[PDB]
Amino acid sequence: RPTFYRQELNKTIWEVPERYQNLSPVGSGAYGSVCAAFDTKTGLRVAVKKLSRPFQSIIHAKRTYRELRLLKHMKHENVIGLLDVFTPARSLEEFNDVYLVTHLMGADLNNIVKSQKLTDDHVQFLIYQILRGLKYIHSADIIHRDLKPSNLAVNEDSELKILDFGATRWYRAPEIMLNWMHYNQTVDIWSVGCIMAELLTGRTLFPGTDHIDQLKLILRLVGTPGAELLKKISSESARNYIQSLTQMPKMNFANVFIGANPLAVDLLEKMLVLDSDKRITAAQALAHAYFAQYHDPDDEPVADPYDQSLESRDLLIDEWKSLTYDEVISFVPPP
Ligand SMILES: CC(C)(C)c1cc(NC(=O)Nc2nccs2)n(-c2ccc(CC(=O)O)cc2)n1
Ligand SMILES: CCCCCCCCO[C@@H]1O[C@H](CO)[C@@H](O)[C@H](O)[C@H]1O
Ligand SMILES: CCCCCCCCO[C@@H]1O[C@H](CO)[C@@H](O)[C@H](O)[C@H]1O
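Using our numbering, read the sequence shown as starting at 325 and increasing by one per residue.
Put into structure tokens, the structure is as follows:
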């Protein structure tokens, strides 16, 4: 067992191994809080997440277990991975707090586009990495669901990792916003399209003021649902309502992307398709000519399959807690 020390951070006492130094809050929410830190044992800048009352409720306990399991599973250059997980507890009976440690990287994509747009060459490298990470995540039968610039961590050399800390709706696929009976991994490709567009233009693609505005903006770029897609919407009244959200024909798509690489625009047109069944997949996108400088079919690895049964489980807090404890004590750090 490492030696721990205690300090007050974000209104609670954080108790962490002495290797972790210079803890500085960077974000907080209902589910927990995150500090930037320096890991003196590895010389790495790290993020340390303390879960907020991880076993207070069934939902908190389930989310705690899910996050630990997922992070333990992810072993890919472009996906955030677990560097460490710890608890100050010495037994299950005293187990009450969980801390997760990941690479910090140093910045996110929420920053770089404020003053000016990125070069096409830069966008190639950034989106290539997002898609490479996403191919991996999707291959594990995991849907991200909240891809956005603040969930994309980048270092000074623009090496990128996808994370989920756990403006808000600007990158969301329309079907998530419209409570589709089911949706699938194609929602993340929509998000990549929105992100890529923004890097190229320096501006948010669909900056909706609210839910309906968001949908109207989307419909104005990509067009009202066509005949094939309309068949996939059950409600007559819903289809009638849709037909009111547009008053003019759709625009020339390319007008948003003046002077852009034609291959970039072609890829964007293939990502930003209203009908999710028709969107390009991560694997297909990696093979698109836009990424010729980076694509290597032998260096775009896939994930071991993931036991996702626990996402639909209805369990007692103490079961989620015991399952989580097992995962904490069995953790082995990466080489
Ligand atoms: C693997 C990928 C990107 C999908 C991913 C990464 C993370 N987590 C993560 O990045 N944590 C970090 N800590 C510190 C720095 S980055 N989650 C995630 C999984 C589960 C839940 C719980 C819920 O579902 O609410 C929350 C987040 N998913
Ligand atoms: C804004 C009003 C129109 C929104 C239409 C979004 C259609 C999204 O695409 C739909 O995704 C569903 C979930 O994966 C699939 O079941 C459907 O087959 C697919 O057409
Ligand atoms: C643009 C705002 C108006 C949106 C109207 C379309 C709402 C689509 O409604 C959706 O249709 C799906 C397919 O039938 C169902 O599976 C979803 O449960 C339903 O929410």
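Cβ atoms here follow ideal geometry from the backbone N, Cα and C, with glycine treated the same way.
Using a Cβ-Cβ cut-off of 6 angstroms (strictly less than) and excluding sequence neighbours within five positions of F379, which residues of its own chain qualify? Cβ neighbours of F379 beyond the five flanking positions: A385, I641 and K645.
With three or more C-beta pairs closer than 8 angstroms as the rule, is the stretch 463 to 473 touching the stretch 501 to 516? Judged by Cβ distances under 8 angstroms, the stretch 501 to 516 makes contact with the stretch 463 to 473, as three or more pairs qualify.
Pull up the DSSP beta-bridge partners for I486, would you. Beta-bridge pairing links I486 to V403 and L476.
Go to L502, then tell me how far its beta strand (DSSP E) extends in each direction, as first and last residue. For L502, there is no enclosing beta strand (DSSP E), since its DSSP letter is neither H nor E.
Would a C-beta distance cut-off of 8 angstroms place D432 and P498 closer than the cut-off? With respect to the 8 angstroms criterion, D432 and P498 are not classified as neighbours on the basis of their beta carbons.
Report all residues from its chain with a CB closer than 6 angstroms to the CB of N475; omit the five preceding and five following residues, and keep chain order. Exclusion of the five residues before and after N475 leaves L487 and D488 as the residues of its chain whose Cβ lies within less than 6 angstroms of its Cβ.
For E483, which option in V656, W494 and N402 has the closest C-alpha, if you only look at C-alpha atoms? Per the C-alpha coordinates, the member of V656, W494 and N402 positioned closest to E483 is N402.
Pick out whichever of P658, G457 and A562 has its Cα sitting closest to the Cα of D623. When only C-alpha atoms are compared, the closest one is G457.
Would you say the beta carbon of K574 comes nearer than 7 angstroms to a heavy atom of ligand 3? The answer is no for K574.
Ligand 1 heavy atom lying under 7 angstroms from the CB of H468: Placement of the Cβ of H468 at a distance of less than 7 angstroms from at least one heavy atom of ligand 1 is found.
Out of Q567, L394, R637 and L424, which one is the CA nearest neighbour of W338? Sorting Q567, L394, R637 and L424 by C-alpha distance to the C-alpha of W338 places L424 at the top.
Would you report the Cα separation of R387 and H397, rounded to the nearest angstrom? Each residue's Cα considered, the two are about 15 angstroms apart.
Using a threshold of 8 angstroms, state whether the C-beta atoms of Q617 and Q448 are closer than that. Their beta carbons are under 8 angstroms apart, which means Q617 touches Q448 by this criterion.
So, with DSSP's three-state summary, where would you put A464? In this structure, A464 counts as coil in the three-state DSSP scheme.
Between the C-alpha atoms of residue 665 and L539, what's the straight-line distance to the nearest angstrom? The requested residue 665 is not part of the displayed model; the chain covers only 325 to 659.
Report yes if the CB atom of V409 is closer than 8 angstroms to the CB atom of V652, and no otherwise. Contact: yes.
I'd like to confirm something about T426: is its beta-carbon nearer than 7 angstroms to some heavy atom of ligand 1, or not? Correct: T426 has its Cβ closer than 7 angstroms to ligand 1.
Which residues does DSSP pair with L368 in a beta bridge? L368 pairs with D363.
Kindly indicate the opening and closing residues of the alpha helix (DSSP H) around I641. First-last of the alpha helix (DSSP H) with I641: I641 to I653.
Under a Cβ-count criterion, where at least 16 other Cβ atoms within 10 Å of its own Cβ denotes burial, should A588 be classed as buried or exposed? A588 is buried by the Cβ-count criterion.
Same chain only: Cβ atoms within 8 angstroms of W494, ignoring 5 sequence neighbours per side: By the criterion of a C-beta distance shorter than 8 angstroms, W494 is surrounded in its chain by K472, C518, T528, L529, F530, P531, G532 and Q538, once the five residues flanking it on both sides are discounted.
So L545 packs on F577, CB below 8 angstroms; how close in whole Å? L545 to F577, Cβ: 7 angstroms. Contact.
Is the beta carbon of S376 sitting closer than 8 angstroms to the one on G351? Cβ atoms of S376 and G351: not closer than 8 angstroms.
Could you compute how far the alpha carbon of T605 sits from the alpha carbon of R563? As the crow flies, the alpha-carbon of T605 is around 27 angstroms from that of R563.
Around the Cβ of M520, are there at least 16 other Cβ atoms within 10 angstroms (buried) or fewer (exposed)? The residue in question, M520, is buried, as its Cβ has 16 or more Cβ neighbours within 10 Å.
If you measure from the CB of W504, is any heavy atom of ligand 2 nearer than 7 angstroms? Taking the Cβ of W504 as the reference point, at least one heavy atom of ligand 2 falls within a distance shorter than 7 angstroms.
What is the rounded straight-line gap between the Cα of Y507 and the Cα of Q331? So the two alpha carbons sit approximately 43 angstroms from each other.
Pull up the distance between the alpha-carbon of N435 and that of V478, whole angstroms please. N435 and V478 have their C-alpha atoms roughly 10 angstroms apart.
Please confirm whether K459 and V626 have their CB atoms less than 8 angstroms apart. Yes, Cβ-Cβ distance for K459 and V626 is below 8 angstroms.
Alpha carbon to alpha carbon, how far is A584 from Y389? Give it in angstroms, no decimals. Rounded to the nearest angstrom, the two C-alpha atoms are 44 angstroms apart.
Under a Cβ-count criterion, where at least 16 other Cβ atoms within 10 Å of its own Cβ denotes burial, should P349 be classed as buried or exposed? It counts as exposed.
Near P657, what residues of its chain come up, given a Cβ to Cβ distance below 7 angstroms and the 5 sequence neighbours on each side ignored? Counting only Cβ-Cβ distances below 7 angstroms, and skipping sequence neighbours, we find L407 and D408.
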